[PDB]
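Only one structure is covered here, and it is reproduced in the block below.
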Amino acid sequence: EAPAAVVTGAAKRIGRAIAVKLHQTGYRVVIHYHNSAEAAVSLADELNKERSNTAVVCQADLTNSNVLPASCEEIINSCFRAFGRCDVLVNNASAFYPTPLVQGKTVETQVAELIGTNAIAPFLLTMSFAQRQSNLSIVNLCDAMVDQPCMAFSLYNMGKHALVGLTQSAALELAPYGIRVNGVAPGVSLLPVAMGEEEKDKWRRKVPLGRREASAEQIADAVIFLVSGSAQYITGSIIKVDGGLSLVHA
Amino acid sequence: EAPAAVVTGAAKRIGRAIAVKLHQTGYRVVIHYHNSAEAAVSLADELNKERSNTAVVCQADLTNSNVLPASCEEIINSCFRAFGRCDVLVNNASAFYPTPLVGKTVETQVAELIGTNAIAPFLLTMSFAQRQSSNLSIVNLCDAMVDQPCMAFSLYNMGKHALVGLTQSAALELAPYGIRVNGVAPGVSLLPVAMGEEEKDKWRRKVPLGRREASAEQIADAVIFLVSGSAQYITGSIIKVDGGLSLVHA
Amino acid sequence: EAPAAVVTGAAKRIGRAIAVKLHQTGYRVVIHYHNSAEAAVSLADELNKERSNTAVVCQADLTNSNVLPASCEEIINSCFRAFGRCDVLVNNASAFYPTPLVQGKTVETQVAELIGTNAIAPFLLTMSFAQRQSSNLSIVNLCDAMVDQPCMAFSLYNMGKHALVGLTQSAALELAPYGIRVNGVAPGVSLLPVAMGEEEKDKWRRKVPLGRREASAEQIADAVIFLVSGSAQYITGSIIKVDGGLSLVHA
Amino acid sequence: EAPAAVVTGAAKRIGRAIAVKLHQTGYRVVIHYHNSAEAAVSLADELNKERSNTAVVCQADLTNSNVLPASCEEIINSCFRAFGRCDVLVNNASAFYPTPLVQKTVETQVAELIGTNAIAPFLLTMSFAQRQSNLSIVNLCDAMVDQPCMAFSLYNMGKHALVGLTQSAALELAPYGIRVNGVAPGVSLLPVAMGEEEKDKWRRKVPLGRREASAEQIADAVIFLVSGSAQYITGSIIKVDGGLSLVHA
Ligand SMILES: NC(=O)c1ccc[n+]([C@@H]2O[C@H](COP(=O)([O-])OP(=O)(O)OC[C@H]3O[C@@H](n4cnc5c(N)ncnc54)[C@H](OP(=O)(O)O)[C@@H]3O)[C@@H](O)[C@H]2O)c1
Ligand SMILES: NC(=O)c1ccc[n+]([C@@H]2O[C@H](COP(=O)([O-])OP(=O)(O)OC[C@H]3O[C@@H](n4cnc5c(N)ncnc54)[C@H](OP(=O)(O)O)[C@@H]3O)[C@@H](O)[C@H]2O)c1
Ligand SMILES: NC(=O)c1ccc[n+]([C@@H]2O[C@H](COP(=O)([O-])OP(=O)(O)OC[C@H]3O[C@@H](n4cnc5c(N)ncnc54)[C@H](OP(=O)(O)O)[C@@H]3O)[C@@H](O)[C@H]2O)c1
Ligand SMILES: NC(=O)c1ccc[n+]([C@@H]2O[C@H](COP(=O)([O-])OP(=O)(O)OC[C@H]3O[C@@H](n4cnc5c(N)ncnc54)[C@H](OP(=O)(O)O)[C@@H]3O)[C@@H](O)[C@H]2O)c1
Ligand SMILES: Nc1nc(N)c2c(-c3ccccc3)c[nH]c2n1
Ligand SMILES: Nc1nc(N)c2c(-c3ccccc3)c[nH]c2n1
Ligand SMILES: Nc1nc(N)c2c(-c3ccccc3)c[nH]c2n1
Ligand SMILES: Nc1nc(N)c2c(-c3ccccc3)c[nH]c2n1
């Protein structure tokens, strides 16, 4: 039987590259997405062409709310209904935007989205994944710059910190069940789509290793490692994939 | 005249020792509480008799919800109303209980643990900064064990990790306004009063320095230092007050 | 043409496991050793019988001294003598024993061996490896997942592993413009000491969340070969724990 | 009687401030120096004029060598000889200069950089503990230890070892009531020979006030850590960096 993996925010960019690579490794994949339906199905169709019936999509908002636990359980359920098992969970979906401390979304909504996507949804997904259960593991997409935060990203940053906490807490608690829990922490990877190249270049020039951002595939390479049998004693570890960015002083 | 401090969860144990010491140092104090009304108004009495018109209490639930931003705003407004100023914010209040991955709802457990330990601090910090020869500073009560978490305390631990992230992000963003943001990280201090001799002594025996818990007063002394004029260049620092506990391997 | 790797303290245990895996992946290897000559020659024999002229040994003391930089330079030279190139350096060799702060070997000697093998030799060897330079050059340093929760009375050993973190980070920063990656692999409990009794090993085993056992030398080698591989081309200055959760467990 | 402290490299700059401030708090002090006799003495003079026979000097090279152990034992002895007790040891002395990985002998650089920043603290720590209230050690660390200066691997290794010793010694010595802590400056007093523009470049990086810390600011955290207000604090390293270590590249 082929193992199966859930990847949140898999329609595009890093999530997509993670789904593709998992599929290429022989996983069946649930491609979860929020708004990006067209990209999600194009990915599913592309993947099913390679091997039939190996890819499904699954839509959900991962913003914090009283329906979030149910949403997260349903995501996990969808992998089971589709494939009869859930071997891997990748928590990749993430809201990201500034939330300045001082002077259109309300602050409670910014909390719900930024803390929901980056932390709470990963927690609920992790409970549901675990409640349902070999080489079982969770990979959380963290942030190598978490202790050198961007100006005015406090809620994003709090969310990523919480994710580190979850990574560790869940690694300890789920180890008796045989479920490993790890993280991949990008520094600068794929820059935002419509960011001017001149601004992209300020970021690239920061990276010691080749003055360039990570490809989504290079991020995905670390995830693959973490799910593989070459990482079977690795739990609670966060691998930075950052080109040395996090080592550079101001 | 006298500066003023807000201390959250100041009705008892460690928050109360912080409120007392701050008062003893010259501060007027807002004593925030949730459910501990009798103990709250009792401390305010004790303090005002010692220096009249230097303490009020302020009730608020710090669970996350859409109205939490207003409740936090009101806590800060309460300090200005009573004292015309707000120089010090101490984020001490905290829910703490297990939330295993495998009769409160999960939605409620997330609301309480993450709201009290993380979201409220962030919102308070925001309202504190928005309202602003001075020495303005914020002290967050963190946790020395945040990287060696209690088994099945994931939401609590996520919260405390987010508080680290807040401590750093807000230290960075508020430096240009002369507001310092730091933390104090206890290990084992006053043990939950619901706990037995064997388990209390189990915790005591782990602590290399004197095989005992920290006094509330020992925690408050580090707080007092960080708000003091001897910490004018300190921001974004978290000081463990843990007797070495965090250094001890399993 | 195959790449070549230097693995220090490679005669047995984790270093041998690293050398063997690098060899199976297609590397030619320099098996450095200090006292364990028989085991080293025996390892190179097996590897050469698998593919001729792919394995050599190279003896050196990695204790700190004024000639230690020449000793480290010769190790790297031996890889270039034997194979014409050096693509990978694994800093594995390590002295490990208690040095109580309150109270055999002189303190001087303790400092030299513990700091020398765990930090100073890795620094000097990193120096020679860089100085002596399709390609994928990296360095992997064998660290310790327990550096921040150290064993009682091991201050000099812990000092050295902390310095090795320092080197991993500093060297990753400084050598990135040359294309050389520098990372680390941090065991918790792996192969227990040969002289430790089974009862005490079981005590160590029972602390590990992931399976209540120590890591196999192979599990450690697996993460080394990941970091040297093309699957880790953007990774530098990262230290991967291979500890089964151990560093996460409170007292 | 009043307690005594040893402060290594106390003749100038951050160590002098640490010594003065300990003295003003009521400590008697040993002012260790290597090259700065004249300054060590001036300081001893100035302190003794305030309070008679409360301040002595002590010379030693803290470079790693076969004699380092005895030198460190002597430094601790001088405090017992001068005042009959030794309550505080501040490891402040430190060599600091670049040691590029690609091109003094390197092993002299190892001896100086590692000896000053890690081995001497370790030996003084041993002699301090051996020769035994509110006893504590305060090590001067570096808030930028994880974001190190380019070409300073050896210095950075030493300060990492110092973190290591801070933690190991706090653990091992807690049984004796001996607390072991660190103070980690970011940019404090800039190097005397650094260019004026170079200095302002570093100042500008600092979030809190775009200035360096004064030695006094550094010493303030030292004094806290030795005070009774830190009697449960061990194994802690307090940054005093104005948020410099938080700022991304
Ligand atoms: N790219 C980088 O440089 C970088 C740096 C550090 C860390 N990381 C981390 O690496 C991971 C992948 O990064 P990325 O740049 O590829 O991410 P991204 O493009 O910013 O976001 C990934 C996906 O997250 C989903 N998402 C956003 N808000 C959501 C919501 N409320 N509910 C459900 N899904 C939501 C989106 O789905 P739809 O498109 O379907 O709406 C989106 O495509 C993230 O966790 C990120 O924080 C990235
Ligand atoms: N005790 C330790 O050993 C230890 C160890 C590590 C960290 N800490 C941290 O140090 C701080 C003090 O610890 P502690 O043991 O004194 O705290 P604690 O007694 O568990 O809690 C202190 C106060 O938090 C308030 N609180 C709880 N839930 C709340 C809510 N929903 N809204 C508003 N307030 C709420 C309570 O107020 P009412 O009584 O008024 O309801 C309570 O008095 C905490 O942040 C804690 O995490 C303590
Ligand atoms: N084993 C574990 O549980 C564990 C845990 C944490 C970290 N690690 C790290 O992983 C690495 C491998 O561990 P291990 O247990 O396999 O190592 P080990 O057996 O303790 O040491 C490996 C080799 O170190 C070499 N060595 C010792 N002193 C030397 C000196 N003065 N000069 C040159 N070489 C010297 C020895 O070579 P000869 O035999 O030829 O004399 C020895 O075979 C080490 O860096 C270790 O600290 C291991
Ligand atoms: N200044 C900063 O911005 C900064 C930043 C981060 C960390 N720190 C740390 O804070 C501490 C104080 O800093 P600083 O700038 O005041 O230091 P510094 O002036 O570079 O050096 C302080 C003293 O250390 C002594 N020293 C140097 N080499 C020695 C040797 N081989 N043997 C014995 N003593 C020796 C010297 O004493 P003599 O003059 O008597 O020869 C020198 O005066 C240091 O540990 C430093 O690493 C400082
Ligand atoms: N979800 C999400 N999307 C992102 N684009 C980022 C980035 C990032 C954004 C711009 C420059 C460097 C990094 C950093 N973290 C991110 N998280
Ligand atoms: N709010 C709150 N209350 C607490 N009692 C704690 C503790 C703690 C609880 C039990 C033993 C040792 C520490 C740790 N963190 C805590 N946070
Ligand atoms: N070189 C070397 N050999 C070792 N055996 C170790 C260990 C280790 C030793 C005993 C129990 C757990 C870990 C930890 N670090 C080590 N380094
Ligand atoms: N002993 C010693 N002296 C120093 N001057 C330093 C510095 C430092 C030197 C220049 C700019 C910023 C920091 C950093 N660490 C230092 N240690």
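Residues are referred to by chain and number: the chain letter is A, B, ... according to the order shown in the structure tokens, the number counts from 1 in that chain, and ligands are numbered separately from 1 in the order shown.
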- Task: Find the residues of chain A in contact range of chain B, meaning any atom within 8 Å when counting only C-alpha atoms, and list them as an MDAnalysis selection string.
- Result: chainID A and resid 65:66 69 101:103 107:108 111 119:120 126:127 130:131 146:147 149:155 157:166 168:170 172:173
- Counting only C-alpha atoms, chain A residues within 6 Å of chain D, as an MDAnalysis selection string: chainID A and resid 148 247:250
Just to be explicit: take each residue in the selection above, keep C-alpha atoms, and write the result as a short mmCIF file (atom, residue, chain, number, x, y, z; two decimals), in the first residue's frame.
data_model
loop_
_atom_site.label_atom_id
_atom_site.label_comp_id
_atom_site.auth_asym_id
_atom_site.auth_seq_id
_atom_site.Cartn_x
_atom_site.Cartn_y
_atom_site.Cartn_z
CA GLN A 148 15.50 37.99 14.63
CA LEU A 247 23.86 33.81 11.39
CA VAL A 248 24.32 37.32 9.92
CA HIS A 249 24.43 40.27 12.37
CA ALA A 250 22.69 43.60 11.66
#
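The space between atom CA of residue C:56 and atom CA of residue C:14 spans 17.7 Å.
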- Message: Any residue with an atom at most 6 Å from ligand 3 counts, using only C-alpha atoms and all ligand atoms. Which are they? Put them as a PyMOL selection string.
- Response: chain C and resi 9+11-15+33-36+60-63+92-95+113+117+142-144+187-192
- Task: Go through stretch 154-233 of chain C and collect every residue that DSSP, computed from the backbone, puts in strand (DSSP E); the answer should be as a PyMOL selection string.
- Result: chain C and resi 181-187
Write the residues of the selection above to a file with C-alpha atoms, as an mmCIF file, in the first residue's frame.
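Just written: again-v4.cif:
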data_model
loop_
_atom_site.group_PDB
_atom_site.id
_atom_site.type_symbol
_atom_site.label_atom_id
_atom_site.label_comp_id
_atom_site.auth_asym_id
_atom_site.auth_seq_id
_atom_site.Cartn_x
_atom_site.Cartn_y
_atom_site.Cartn_z
ATOM 1 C CA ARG C 181 28.763 24.453 3.832
ATOM 2 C CA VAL C 182 29.393 23.765 7.531
ATOM 3 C CA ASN C 183 26.779 21.990 9.622
ATOM 4 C CA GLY C 184 26.460 19.694 12.527
ATOM 5 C CA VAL C 185 24.876 16.539 13.731
ATOM 6 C CA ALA C 186 24.005 16.344 17.405
ATOM 7 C CA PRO C 187 23.485 12.929 18.962
#
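Residues of protein, DNA or RNA lying at most 6 Å from ligand 5, when only C-alpha atoms and all ligand atoms are considered, are residues 94, 95, 96, 188, 191 and 192 of chain A.
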Write a file of the selected residues as a CSV table (one decimal), in the first residue's frame, keeping N, CA and C atoms.
chain,number,residue,atom,x,y,z
A,94,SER,N,0.1,29.4,6.0
A,94,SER,CA,0.5,30.5,6.8
A,94,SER,C,0.0,31.8,6.3
A,95,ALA,N,-0.7,32.6,7.1
A,95,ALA,CA,-1.0,34.0,6.9
A,95,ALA,C,0.3,34.8,7.3
A,96,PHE,N,0.5,35.9,6.6
A,96,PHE,CA,1.8,36.6,6.8
A,96,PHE,C,1.5,38.0,6.3
A,188,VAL,N,15.0,33.0,3.8
A,188,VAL,CA,14.4,33.6,2.6
A,188,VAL,C,14.3,32.5,1.6
A,191,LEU,N,10.2,34.6,-2.9
A,191,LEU,CA,9.8,35.9,-2.4
A,191,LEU,C,8.3,36.1,-2.8
A,192,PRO,N,7.7,37.1,-2.1
A,192,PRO,CA,6.3,37.3,-2.5
A,192,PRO,C,6.2,37.7,-4.0
- Using only C-alpha atoms, the residue out of A:39, A:84, A:55, A:21 with shortest distance to chain C is A:21
- Task: Give me every helix (DSSP H, G or I) residue in stretch 84-211 of chain D, going by DSSP on the backbone, as a PyMOL selection string.
- Result: chain D and resi 106-130+153-176+196-205
- Message: Distance limit 6 Å, reference ligand 6, atoms considered: only C-alpha atoms and all ligand atoms. Which residues make the cut? Give them as a PyMOL selection string.
- Response: chain B and resi 94-96+188+191-192
- Task: May I ask you to extract the residues of chain B within 6 Å of chain C, using only C-alpha atoms, and to give them as number ranges by chain?
- Result: B: 148, 247-250
Residues just named, written with C-alpha atoms as a short mmCIF file (atom, residue, chain, number, x, y, z; two decimals), in the first residue's frame:
data_model
loop_
_atom_site.label_atom_id
_atom_site.label_comp_id
_atom_site.auth_asym_id
_atom_site.auth_seq_id
_atom_site.Cartn_x
_atom_site.Cartn_y
_atom_site.Cartn_z
CA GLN B 148 11.69 21.09 28.16
CA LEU B 247 20.12 22.96 33.04
CA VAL B 248 19.32 19.48 34.43
CA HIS B 249 19.16 16.57 31.92
CA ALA B 250 16.43 13.92 32.15
#
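Counting from atom CA of residue C:6, the distance to atom CA of residue A:227 is 28.4 Å.
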- Distance filter 7 Å around ligand 2, atoms: only C-alpha atoms and all ligand atoms, out as a PyMOL selection string: chain B and resi 8-15+33-37+60-63+92-96+112+116-117+141-144+185-192
- Just the residues within 9 Å of residue A:33, please, counting only C-alpha atoms, with nothing from its chain fewer than 2 positions along; format it as a ChimeraX atom specification. /A:7-12,31,35-37,39-40,57-61,93
When you get a sec, could you note down which chain D residues fall within 6 Å of chain C, using only C-alpha atoms, as a PDB file with N, CA and C atoms, in the first residue's frame?
ATOM      1  N   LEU D 101      39.857  32.281   8.802  1.00  0.00           N
ATOM      2  CA  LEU D 101      40.059  30.869   8.499  1.00  0.00           C
ATOM      3  C   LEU D 101      40.864  30.666   7.215  1.00  0.00           C
ATOM      4  N   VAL D 102      40.772  31.600   6.275  1.00  0.00           N
ATOM      5  CA  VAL D 102      41.563  31.511   5.032  1.00  0.00           C
ATOM      6  C   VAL D 102      42.443  32.743   4.909  1.00  0.00           C
ATOM      7  N   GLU D 107      48.687  29.073  17.134  1.00  0.00           N
ATOM      8  CA  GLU D 107      48.487  28.407  18.428  1.00  0.00           C
ATOM      9  C   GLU D 107      48.704  29.384  19.577  1.00  0.00           C
ATOM     10  N   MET D 126      37.522  26.849  39.230  1.00  0.00           N
ATOM     11  CA  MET D 126      37.972  25.717  40.048  1.00  0.00           C
ATOM     12  C   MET D 126      38.601  26.223  41.341  1.00  0.00           C
ATOM     13  N   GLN D 130      37.086  25.451  45.055  1.00  0.00           N
ATOM     14  CA  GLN D 130      38.047  24.693  45.889  1.00  0.00           C
ATOM     15  C   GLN D 130      38.304  25.349  47.259  1.00  0.00           C
ATOM     16  N   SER D 153      36.237  33.437  14.364  1.00  0.00           N
ATOM     17  CA  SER D 153      35.862  32.095  14.820  1.00  0.00           C
ATOM     18  C   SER D 153      36.462  31.785  16.188  1.00  0.00           C
ATOM     19  N   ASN D 156      34.938  33.648  18.937  1.00  0.00           N
ATOM     20  CA  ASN D 156      33.539  33.166  19.060  1.00  0.00           C
ATOM     21  C   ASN D 156      33.503  31.797  19.724  1.00  0.00           C
ATOM     22  N   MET D 157      34.467  30.952  19.380  1.00  0.00           N
ATOM     23  CA  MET D 157      34.587  29.667  20.072  1.00  0.00           C
ATOM     24  C   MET D 157      34.789  29.842  21.562  1.00  0.00           C
ATOM     25  N   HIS D 160      31.567  30.978  23.200  1.00  0.00           N
ATOM     26  CA  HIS D 160      30.685  29.797  23.291  1.00  0.00           C
ATOM     27  C   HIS D 160      31.099  28.857  24.426  1.00  0.00           C
ATOM     28  N   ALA D 161      32.396  28.572  24.522  1.00  0.00           N
ATOM     29  CA  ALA D 161      32.906  27.773  25.686  1.00  0.00           C
ATOM     30  C   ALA D 161      32.545  28.393  27.004  1.00  0.00           C
ATOM     31  N   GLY D 164      29.137  27.603  27.869  1.00  0.00           N
ATOM     32  CA  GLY D 164      29.264  26.197  28.327  1.00  0.00           C
ATOM     33  C   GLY D 164      29.668  26.105  29.793  1.00  0.00           C
ATOM     34  N   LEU D 165      30.732  26.823  30.152  1.00  0.00           N
ATOM     35  CA  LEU D 165      31.250  26.783  31.525  1.00  0.00           C
ATOM     36  C   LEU D 165      30.256  27.401  32.461  1.00  0.00           C
ATOM     37  N   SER D 168      27.688  24.650  32.940  1.00  0.00           N
ATOM     38  CA  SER D 168      28.260  23.496  33.659  1.00  0.00           C
ATOM     39  C   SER D 168      28.575  23.807  35.113  1.00  0.00           C
TER      40      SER D 168
END
- Message: Around ligand 4, which protein and nucleic acid residues have at least one atom no more than 8 Å from it, if we count only C-alpha atoms and all ligand atoms? List them as number ranges by chain.
- Response: D: 8-15, 32-37, 40, 59-63, 91-96, 112-113, 115-117, 139-144, 159, 184-191, 212-213, 215
Hey, can you spit out that residue selection with N, CA and C atoms as a tab-separated table (two decimals), in the first residue's frame?
chain	number	residue	atom	x	y	z
D	8	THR	N	38.63	40.29	37.08
D	8	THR	CA	39.77	40.15	36.14
D	8	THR	C	39.68	41.22	35.09
D	9	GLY	N	40.83	41.59	34.52
D	9	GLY	CA	41.03	42.78	33.66
D	9	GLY	C	40.24	43.99	34.10
D	10	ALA	N	40.48	44.42	35.34
D	10	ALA	CA	39.70	45.47	35.97
D	10	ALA	C	40.31	46.85	35.87
D	11	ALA	N	41.38	47.02	35.10
D	11	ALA	CA	42.10	48.29	35.14
D	11	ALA	C	41.38	49.37	34.34
D	12	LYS	N	40.60	48.93	33.34
D	12	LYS	CA	39.95	49.82	32.41
D	12	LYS	C	38.53	49.41	32.07
D	13	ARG	N	37.88	50.34	31.38
D	13	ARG	CA	36.78	50.02	30.51
D	13	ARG	C	35.72	49.30	31.34
D	14	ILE	N	35.20	48.16	30.86
D	14	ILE	CA	34.09	47.50	31.55
D	14	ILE	C	34.51	46.88	32.88
D	15	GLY	N	35.69	46.32	32.94
D	15	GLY	CA	36.18	45.77	34.25
D	15	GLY	C	36.40	46.80	35.37
D	32	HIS	N	42.47	42.65	39.04
D	32	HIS	CA	43.50	41.94	38.22
D	32	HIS	C	43.80	42.73	36.98
D	33	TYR	N	45.06	42.67	36.57
D	33	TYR	CA	45.49	43.32	35.37
D	33	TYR	C	46.56	42.48	34.69
D	34	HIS	N	46.84	42.73	33.42
D	34	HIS	CA	47.93	42.05	32.72
D	34	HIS	C	48.99	43.13	32.39
D	35	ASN	N	48.69	44.00	31.42
D	35	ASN	CA	49.56	45.11	31.02
D	35	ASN	C	49.31	46.48	31.70
D	36	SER	N	48.15	46.65	32.33
D	36	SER	CA	47.73	47.96	32.77
D	36	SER	C	47.99	48.14	34.31
D	37	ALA	N	49.28	48.05	34.70
D	37	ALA	CA	49.67	48.25	36.11
D	37	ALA	C	49.30	49.63	36.62
D	40	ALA	N	45.67	49.96	36.95
D	40	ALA	CA	45.18	49.15	38.10
D	40	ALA	C	45.43	49.84	39.44
D	59	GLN	N	48.56	40.89	39.41
D	59	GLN	CA	48.95	40.75	38.03
D	59	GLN	C	48.89	39.32	37.62
D	60	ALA	N	48.41	39.10	36.39
D	60	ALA	CA	48.67	37.81	35.73
D	60	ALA	C	48.34	37.78	34.24
D	61	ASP	N	49.16	37.00	33.50
D	61	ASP	CA	48.83	36.65	32.14
D	61	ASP	C	47.79	35.50	32.22
D	62	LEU	N	46.65	35.68	31.51
D	62	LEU	CA	45.57	34.68	31.44
D	62	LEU	C	45.49	33.89	30.10
D	63	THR	N	46.54	34.04	29.27
D	63	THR	CA	46.82	33.16	28.13
D	63	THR	C	46.95	31.72	28.59
D	91	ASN	N	34.65	37.11	35.84
D	91	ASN	CA	35.55	36.86	34.71
D	91	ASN	C	35.31	37.84	33.56
D	92	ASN	N	36.14	38.87	33.49
D	92	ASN	CA	35.96	39.96	32.56
D	92	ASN	C	37.04	40.02	31.49
D	93	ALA	N	38.30	39.73	31.87
D	93	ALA	CA	39.42	39.75	30.93
D	93	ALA	C	39.16	38.99	29.67
D	94	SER	N	39.66	39.52	28.57
D	94	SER	CA	39.40	38.93	27.29
D	94	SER	C	40.22	39.52	26.20
D	95	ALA	N	40.90	38.64	25.49
D	95	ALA	CA	41.52	39.00	24.26
D	95	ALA	C	40.46	38.99	23.18
D	96	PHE	N	40.69	39.78	22.15
D	96	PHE	CA	39.70	39.97	21.10
D	96	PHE	C	40.37	40.56	19.86
D	112	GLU	N	45.67	32.61	23.56
D	112	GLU	CA	45.20	33.89	24.07
D	112	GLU	C	43.68	33.96	24.07
D	113	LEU	N	43.08	33.63	22.93
D	113	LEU	CA	41.63	33.82	22.73
D	113	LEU	C	40.80	32.84	23.52
D	115	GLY	N	42.25	30.95	26.00
D	115	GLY	CA	42.63	30.97	27.39
D	115	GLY	C	41.95	32.08	28.13
D	116	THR	N	41.97	33.27	27.54
D	116	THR	CA	41.34	34.41	28.21
D	116	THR	C	39.88	34.26	28.38
D	117	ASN	N	39.23	33.74	27.36
D	117	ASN	CA	37.76	33.81	27.29
D	117	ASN	C	37.09	32.55	27.88
D	139	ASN	N	30.28	35.61	34.69
D	139	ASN	CA	31.04	35.64	33.47
D	139	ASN	C	30.54	36.65	32.40
D	140	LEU	N	31.47	37.43	31.88
D	140	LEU	CA	31.22	38.37	30.77
D	140	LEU	C	31.23	37.65	29.40
D	141	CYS	N	30.01	37.50	28.88
D	141	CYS	CA	29.74	36.75	27.67
D	141	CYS	C	29.56	37.73	26.48
D	142	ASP	N	28.73	37.38	25.50
D	142	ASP	CA	28.61	38.17	24.25
D	142	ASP	C	27.25	37.83	23.66
D	143	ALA	N	26.39	38.85	23.64
D	143	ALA	CA	25.04	38.75	23.13
D	143	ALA	C	25.05	38.39	21.64
D	144	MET	N	26.13	38.64	20.93
D	144	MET	CA	26.20	38.35	19.51
D	144	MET	C	26.84	37.02	19.19
D	159	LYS	N	33.91	32.40	23.46
D	159	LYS	CA	32.72	32.89	24.16
D	159	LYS	C	31.64	31.82	24.22
D	184	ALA	N	25.94	39.54	29.13
D	184	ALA	CA	26.28	39.51	27.72
D	184	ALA	C	26.07	40.87	27.06
D	185	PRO	N	27.14	41.67	26.94
D	185	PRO	CA	27.03	42.94	26.19
D	185	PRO	C	26.95	42.71	24.71
D	186	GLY	N	26.35	43.67	24.03
D	186	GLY	CA	26.31	43.68	22.58
D	186	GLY	C	27.40	44.57	22.07
D	187	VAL	N	27.05	45.84	21.85
D	187	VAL	CA	28.02	46.90	21.66
D	187	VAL	C	28.06	47.74	22.96
D	188	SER	N	29.20	47.66	23.61
D	188	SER	CA	29.51	48.57	24.68
D	188	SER	C	30.72	49.37	24.20
D	189	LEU	N	31.61	49.73	25.13
D	189	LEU	CA	32.71	50.65	24.81
D	189	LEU	C	33.44	50.08	23.62
D	190	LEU	N	33.54	50.90	22.58
D	190	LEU	CA	34.11	50.47	21.33
D	190	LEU	C	35.61	50.42	21.50
D	191	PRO	N	36.30	49.69	20.61
D	191	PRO	CA	37.76	49.57	20.74
D	191	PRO	C	38.45	50.90	20.47
D	212	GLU	N	25.96	52.85	22.15
D	212	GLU	CA	26.51	51.76	22.97
D	212	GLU	C	26.14	51.88	24.43
D	213	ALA	N	26.24	50.74	25.12
D	213	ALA	CA	26.11	50.76	26.56
D	213	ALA	C	27.39	51.31	27.12
D	215	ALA	N	29.99	51.33	30.37
D	215	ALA	CA	30.48	50.28	31.23
D	215	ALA	C	29.62	50.21	32.48
- Message: Can you work out which residues from chain C touch chain A at a cut-off of 6 Å (counting only C-alpha atoms) and hand them back as an MDAnalysis selection string?
- Response: chainID C and resid 176 209:210 222 231 234:238 241:242 244:245
Just to be explicit: take each residue in the selection above, keep C-alpha atoms, and write the result as an mmCIF file, in the first residue's frame.
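Writing done, so here's result30.cif:
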data_model
loop_
_atom_site.group_PDB
_atom_site.id
_atom_site.type_symbol
_atom_site.label_atom_id
_atom_site.label_comp_id
_atom_site.auth_asym_id
_atom_site.auth_seq_id
_atom_site.Cartn_x
_atom_site.Cartn_y
_atom_site.Cartn_z
ATOM 1 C CA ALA C 176 29.784 30.325 2.407
ATOM 2 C CA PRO C 209 10.992 9.262 24.365
ATOM 3 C CA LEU C 210 11.328 7.851 20.844
ATOM 4 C CA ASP C 222 22.186 8.970 7.966
ATOM 5 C CA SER C 231 19.464 17.394 -0.837
ATOM 6 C CA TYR C 234 21.106 25.340 0.769
ATOM 7 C CA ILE C 235 21.727 24.166 4.368
ATOM 8 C CA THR C 236 24.620 25.790 6.236
ATOM 9 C CA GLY C 237 25.123 26.562 9.840
ATOM 10 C CA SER C 238 22.341 24.107 10.878
ATOM 11 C CA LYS C 241 19.631 16.818 16.525
ATOM 12 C CA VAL C 242 19.439 13.022 16.280
ATOM 13 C CA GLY C 244 14.873 10.698 19.866
ATOM 14 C CA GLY C 245 13.405 13.601 21.929
#
- So, counting only C-alpha atoms and all ligand atoms, which residue among C:199, C:97, C:122, C:27 is closest to ligand 7?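 Ranked by minimum distance to ligand 7, first place goes to C:97.
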